[PDB]
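Two forms, one protein chain; structure tokens for each follow separately as structure 1 and structure 2.
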Structure 1
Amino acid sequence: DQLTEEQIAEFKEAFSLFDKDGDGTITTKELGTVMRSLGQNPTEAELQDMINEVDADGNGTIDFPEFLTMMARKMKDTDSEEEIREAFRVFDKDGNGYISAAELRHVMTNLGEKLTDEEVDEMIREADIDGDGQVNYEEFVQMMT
């Protein structure tokens, strides 16, 4: 949590990864995807105070630069804990604070070993993502096979 070549360089990727359009323009919606995609849990309001924040043209689009500036500021409210607790929260479907010790084990080793961060990113790229960040999990299977 401190703007640095790497930090930034990374922040680009995530931004590039969810700009379906293909031209540096993350939508209010694409914005959330980006953040969750980094461990943050932006509230629908929070994502709003962010669009209006800078963008005063109501274009609803966000330029990497703006994004970067935002992140930098909101970076203070990011500690290892929340990030972690979000990962595990993906495995909590019904949302009961409870998760499959199993599903965990499986996803983490089986799929955690067959793939490398870079590979995860490469897939998501060619992958067919929509606004929300949804993707037909089969697409991934076809790739991985």
Structure 2
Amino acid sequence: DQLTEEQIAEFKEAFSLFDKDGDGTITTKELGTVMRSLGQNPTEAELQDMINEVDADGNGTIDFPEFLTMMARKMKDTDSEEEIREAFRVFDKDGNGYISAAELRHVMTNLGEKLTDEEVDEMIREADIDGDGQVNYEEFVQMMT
């Protein structure tokens, strides 16, 4: 029991999405963002380990292969419940455990309708992402209108 074709393609999609060089490597800083864009946010420590097992050679970079292999060995102990909870956490501002039913709806049904699973990828590529994955949303609005 390994990673299906879809999973692989998912990891490949997230990695490439935050790998501006277009080559096949990403800094340790971008690793955290790649993970979060996958639904699992690692602790500063968990990420640290990952960077070591891969490029503990202080080079700071990570190759898609070394990353894919790493993702497979850890994709064993990973329940779908974690990823979903992270998705809802995005709506929790104060972190108090609650979210607005309205925002949830408006984001899932409205904005989800106006955007295809492939337009989000492109908009992020075209837009200029921060070194922490942070983006100025007016760019998404400007390109959607």
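Structure 1's sequence is the ruler for residue numbers, which start at 1. Think of the rigid core as the biggest set of C-alphas that the two forms share within 1.5 Å after superposition. Shifts are known only where both forms have a C-alpha.
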Superpose the two forms on their rigid core, then report whether the C-alpha of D128 is displaced by 2 angstroms or more between structure 1 and structure 2. no
For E138, does the CA position differ by 2 Å or more between structure 1 and structure 2 when the superposition is done on the rigid core? no
Look at the Cα of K20 between structure 1 and structure 2 with the rigid core superposed and state its shift in Å. 3.2
On a rigid core superposition, how far has the CA of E53 moved between structure 1 and structure 2, in Å, if you could check? 1.4
I need the moving stretches between structure 1 and structure 2: superpose on the rigid core, then report runs of 3+ consecutive residues where each CA shifts by 2 Å or more, in sequence order. 1-10, 20-25
